[PDB]
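K.L.:
Let me see the structure of the following:
(3 chains, ligands or ions: 3)
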Amino acid sequence: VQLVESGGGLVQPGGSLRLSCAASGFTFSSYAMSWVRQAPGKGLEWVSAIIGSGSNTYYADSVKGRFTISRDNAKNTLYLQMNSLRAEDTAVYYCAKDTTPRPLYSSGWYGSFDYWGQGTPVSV
Amino acid sequence: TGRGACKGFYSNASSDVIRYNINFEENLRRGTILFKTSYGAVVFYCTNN
Amino acid sequence: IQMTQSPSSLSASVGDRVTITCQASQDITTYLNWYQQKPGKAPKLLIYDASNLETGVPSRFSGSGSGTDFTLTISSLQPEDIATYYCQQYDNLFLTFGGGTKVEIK
Ligand SMILES: *[C@@H]1O[C@H](CO)[C@@H](O[C@@H]2O[C@H](CO)[C@@H](O[C@@H]3O[C@H](CO)[C@@H](O)[C@H](O)[C@@H]3O)[C@H](O)[C@H]2NC(C)=O)[C@H](O)[C@H]1NC(C)=O
Ligand SMILES: *[C@@H]1O[C@H](CO)[C@@H](O)[C@H](O)[C@H]1NC(C)=O
Ligand SMILES: *[C@@H]1O[C@H](CO)[C@@H](O)[C@H](O)[C@H]1NC(C)=O
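P.N.:
Numbers count the residues shown, from 1 in each chain, chains lettered A, B, ... in the order given. Ligands and ions are numbered 1, 2, ... in the order given. Coordinates below:
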C-alpha cells in the first residue's frame, strides 16, 4: 500500500495539465478510487470517483466537463487531465482509495477510504 | 529491516518467507514466539500444564 | 444532502474526554464515517458505519448515531491529537464531506 502522484506545482489560469497518480502493493482491480483536494483553510472537496471496472465515472458540477479522470489497472496508475482551470483550484491532491472489494464484473457503492497519497500541491 | 548484518549479496526486496535454522536435535521447549498482525498481537507457546 | 459539524474549533488540555458531532440533513441511518487529518500531512479513517472502528485504531475513539444526528468522541486527549476531525456520508454517490472540527492543546 503506497500512493504517489506526479505533475504538481503551478499552472497558468485556464490552461491544461496531465496530473497523475500511481499505486502499488494491494489488489488494485477490485477497489474503487477517488480524487479529493485540500484547498488552504477549507474543506476536502470531492473531485471525482471511478468504480473498479472503469465504466462508471462521476463528477461534481465544479468538476463536470472540465476534467477527465481515467484508470489504467495494468500498470496500476490513475490518470487525470485538467481543462479550463480557475484560480479556485489552488489546493493539494491526495488520490484516495476505496476499502470495499467489489468484483471486476460489478459496480456500486464507493465511499469508504483508508489510504491517501502523499499530497501534490497544485496552484492556478 | 531489523536483520543482522547480511554477508554476501543482499537486497532490500520485500521477502515472503522467513526461515530459522536450529541446532542438532534442539527443541524450543524453553520459550515463546511473537507475531504481529494488522488486527492485534499473536504469540505461540507450548506447555503440558 | 449537506453537512454541519460542531464544535467548529476548540482548545483543550491534554487528557480531556473531547466530544464532536456531525449532522447530515437527512436520515442517513448508518452510512457515516470520521477521519483524522493532520494539517500538512495525510488523513486517516477513524471510525466507519458510525459505530465500528477500523482495525488500526485504538478503542480510545468511539461514536454512534442514527438518523440525522451523529457523534464521535474520545475517552481522553493525547499530545498527538493536534489535527482536524472530518466526517463524510456515503448514502448518495454524490457525496458530501463534512464541516470539519479542530482540536488544540492548552
Ligand atoms: C518496514 O516498513 C514499514 C513501512 O512499510 C515501517 O513502518 C514503520 O514502523 C515503525 C515501527 O517499527 C512505526 O513506528 C513509529 O512511528 C513514528 C511515526 O511518526 C515514527 O516517528 C517512529 O520513528 C517509529 O517509526 C512507523 O509508524 C512505521 N512507519 C514509518 C513511515 O516509519 C517499518 O519501520 C519498516 N521496518 C521494519 C523493521 O519493519
Ligand atoms: C537498501 O536501502 C538502504 C537505504 O538507505 C541503502 O543504504 C542500501 O544500500 C540498500 N540496499 C540495497 C541492496 O538496495
Ligand atoms: C510437565 O513436564 C515436566 C517436564 O518438562 C514434568 O516434570 C511435569 O511433571 C509435567 N507435568 C506438569 C503438570 O507440569
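
K.L.:
What's the nearest residue in chain A when you look at chain C?
P.N.:
With C-beta to the nearest C-beta, the shortest gap between chain A and chain C falls at residue A:111, namely 2.5 Å. C-beta: built from backbone N, CA, C; applies to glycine.

K.L.:
State the phi and psi torsions of the residue in chain B that ligand 2 sits nearest to.
P.N.:
Across chain B, no residue is closer to ligand 2 than residue B:12, which sits at 3.8 Å (C-beta to the nearest ligand atom). Backbone dihedrals for residue B:12, given as degrees, to the nearest 10, come out at phi -90, psi 10.

K.L.:
Give me the distance between it and residue B:18.
P.N.:
Remark: distance between residue B:12 and residue B:18 (C-beta to C-beta, to the nearest Å) = 15 Å.

K.L.:
Residue C:15 now?
P.N.:
Distance, residue C:15 to residue B:18, by C-beta to C-beta: 41 Å.

K.L.:
Check residue A:97 too.
P.N.:
Where residue B:18 is concerned, residue A:97 sits at a distance of 29 Å (C-beta to C-beta).

K.L.:
which one of those two has more residues nearby?
P.N.:
residue A:97 (22 against 6; other C-beta atoms under 10 Å in any protein chain shown).

K.L.:
List the residues that contact the more buried one.
P.N.:
Counting by C-beta atoms under 8 Å, 6 or more residues apart in numbering or on different chains, residue A:97 touches A:3, A:23, A:26, A:31-34, A:113-116.

K.L.:
and if we set it to 6 Å?
P.N.:
Residues near residue A:97 by C-beta atoms under 6 Å, 6 or more residues apart in numbering or on different chains: A:33, A:115.

K.L.:
Helix or strand: which one has it?
P.N.:
Secondary structure assignment for residue A:97, by DSSP states H and E: strand A:91-98.

K.L.:
Can you name the residue of chain B nearest chain A?
P.N.:
For chain B, the residue closest to chain A is residue B:14, as judged by C-beta to the nearest C-beta, at 8.4 Å.

K.L.:
Please report how far the residue nearest in space to the middle of chain C lies from residue C:98.
P.N.:
In chain C, the C-alpha closest to the average C-alpha coordinate belongs to residue C:34, at a distance of 3.9 Å (C-alpha atoms, centre = their mean). The spacing between residue C:34 and residue C:98, counted by C-beta to C-beta, is 8 Å.

K.L.:
what do you get for residue A:102?
P.N.:
Using C-beta to C-beta, which is the criterion applied here, residue A:102 is 25 Å from residue C:98.

K.L.:
Same drill for these two, tell me which one is more crowded.
P.N.:
residue C:98 (24 against 18).

K.L.:
Now do that one against chain A, distance only.
P.N.:
Counting by C-beta to the nearest C-beta, to the nearest Å, the gap between residue C:98 and chain A amounts to 8 Å.

K.L.:
give the contact list for residue A:68.
P.N.:
The neighbours of residue A:68, taking C-beta under 6 Å, 6+ apart as the test, are residue A:81.

K.L.:
Likewise for the one 5 residues further on?
P.N.:
Each residue near residue A:73 by C-beta under 6 Å, 6+ apart is listed here: A:28-29.

K.L.:
cool, and residue A:71?
P.N.:
Residue A:71 sits next to A:50, A:54, A:78 when contact means C-beta under 6 Å, 6+ apart.

K.L.:
Okay, and it sits in which element?
P.N.:
The secondary structure element spanning residue A:71 is strand A:67-72 (assigned by DSSP H and E).

K.L.:
just checking, next helix/strand downstream of that strand?
P.N.:
Per DSSP H and E, strand A:67-72 leads on to strand A:77-82 as the next helix or strand towards the C-terminus.
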